[PDB]
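For this one, two forms of the same chain are given in structure tokens, first as structure 1 and then as structure 2.
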Structure 1
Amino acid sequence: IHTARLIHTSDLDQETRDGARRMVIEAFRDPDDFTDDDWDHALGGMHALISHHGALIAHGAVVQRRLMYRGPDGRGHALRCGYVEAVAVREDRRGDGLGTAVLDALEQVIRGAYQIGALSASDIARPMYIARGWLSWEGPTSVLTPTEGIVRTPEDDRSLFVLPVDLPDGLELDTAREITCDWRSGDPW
């Protein structure tokens, strides 16, 4: 049985922070890339950590952002989103449920503080999100840019997963419709 500890970015010491960052980059690389924008995107919220003999073996982070969604009534909602980033298990420790343990903890943050969880999954982790009941987003994805308007993001079109936990009053989320993230540098999703 595995249990990740949850800890805010502000409570991570330099050592653990640099270590987490180096573990996640290693897990994603195979000697597309995990860049410093990808790491920056994982900062600011709650980290889930599992370590062994002082070494991080599993990491995940949930940060706040806004997801824009417009229903068929043409209204418009800016939902408080718990966005999951930098989920990773050290290669040699994979296949034993550490990844499940990270997501268990992050989902606890999502359900307790956000209206919706979302992420853009790597191909190897999609099965994990399906089995946990995340909803694959089927409509076009877009990003709200500063200077153009809402711009389509075709590279992200079949990778988004959502987890509606606390949608306002009577909002029905139609996965067939468009969805739009707020602006950031690097990959918007």
Structure 2
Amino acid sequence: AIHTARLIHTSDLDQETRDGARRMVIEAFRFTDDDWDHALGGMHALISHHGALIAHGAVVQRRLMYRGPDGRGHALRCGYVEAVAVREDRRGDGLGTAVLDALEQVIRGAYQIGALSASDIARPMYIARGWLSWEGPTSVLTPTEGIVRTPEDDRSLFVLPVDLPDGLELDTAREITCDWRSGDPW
């Protein structure tokens, strides 16, 4: 009766669906070859209608590194949101929130923390769904060098705490560090 996203792992997509998702996200964002590679390897939220894909999103597995005053140091098992895109003539109908619904399901069931990167324009809705704005600096653990701070911008990082270890507590004003990949680390 009402559009919902169905969850499919990358390895269960056939190439005609796989090619449609890449083509659709590229038209909805404009998104390079790397931005699409960052979206492969985990769970896809797909909404299809009238022969075509109308909305898309992905959650892939990374590590988020966090060290508190303790000095302990944690590598959290992270569900990272990628390639959320609603067909242009299909917006304003809640298809976006139906993709986030299915992605958060994945996060809550398989990961210790959700994370995504969003612009100032989009903070209101993410906050309303329970995500937290990360205020502290962000960085990346590079292979060549070590930890390298991510250049400051109007993009914000958001995290969804779901199943953190023993205590961990979590100070969102402290530093947080993602793992390395080429292209955009976030």
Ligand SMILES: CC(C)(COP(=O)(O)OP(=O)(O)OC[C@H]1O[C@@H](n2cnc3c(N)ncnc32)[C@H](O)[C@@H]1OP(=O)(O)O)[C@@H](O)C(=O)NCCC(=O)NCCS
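Here the rigid core means the biggest group of C-alpha atoms that line up within 1.5 Å when the two forms are laid on top of each other. Throughout, residue numbering runs from 1 along the sequence of structure 1. Shifts are known only where both forms have a C-alpha.
Each structure shows the same chain on its own, and structure 1 is the form deposited with the named molecule bound. The residue that stands out in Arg66, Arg152, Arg70, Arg126 is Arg126, the single one whose Cα moves by 2 angstroms or more between structures 1 and 2 on a rigid core fit. With both forms fitted on their core, the C-alpha atom of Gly95 sits 1.0 Å from where it sits in the other form; this compares the forms between structures 1 and 2. In a core-based superposition, a mobile segment is defined as at least three consecutive common residues whose CA atoms each shift by 2 Å or more; between structures 1 and 2, such segments span 122-128, 155-158.
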